[PDB]
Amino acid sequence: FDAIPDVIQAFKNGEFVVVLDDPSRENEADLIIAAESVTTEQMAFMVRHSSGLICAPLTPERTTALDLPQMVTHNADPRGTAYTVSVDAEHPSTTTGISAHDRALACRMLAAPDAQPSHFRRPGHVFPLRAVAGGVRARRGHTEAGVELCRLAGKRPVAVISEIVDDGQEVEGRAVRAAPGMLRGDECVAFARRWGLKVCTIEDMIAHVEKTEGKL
């Protein structure tokens, strides 16, 4: 596992970083990147290697500034995953909203300093997620982790996250994949090494933050 400071540096450089939550929690690794400059090609990569449900962690301040209400009033998710209503980019170059170009665009726009509610179409294809006010020390999830990195690296308070799945193996000529699942632990590290990314645990992320904030 890389050291948090080095993860921060990569993050600040516009790179994806691989982040693992606790084993007792989701025991999942997400690809987490700053939203402000996520490129079309990077988004293509993200879509290719993840679940494809591209989310955009952001602060409460941002949800209000941008008028992104919670998808549901009585949240039935066991983790309280804070989904807002979905969105597309209101931009002349947007078409159907699902292509890597469109989704990357929506992400950058949500992060733009001049962002306004009218900049987004609801519903759409990118999923903003409301990080809790107390950040990672309060809720140990990738949503908080992405916003925390943004803060740590001095970026716009909008990240992009998605889970790294195990797409199993191709079956020549058949519309199935054998033995799929979710990438875990060591396989996540290996995944990171393969693509030149830094990889860490939210747990170490918390330890980092505690250095300045103390234990919640």
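Heads up: residue numbers just count along the shown sequence, starting at 1.
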item	value
Of 177 to 185 and 44 to 52, the stretch whose C-alpha atoms average the higher B-factor in the entry	177 to 185
Residue stretch of maximal mean CA temperature factor, 75 to 83 vs 89 to 97	75 to 83
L68, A153, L58, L31, ranked by C-alpha B-factor: the highest one	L68
CA B-factor placement of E148, once the chain's modelled residues are sorted into thirds	middle
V7 CA temperature factor, ranked by third within the chain	middle
B-factor third for the C-alpha atom of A111 within its chain	middle
B-factor third for the C-alpha atom of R121 within its chain	middle
Ranked C-alpha temperature factor of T63 among modelled chain residues, by third	middle
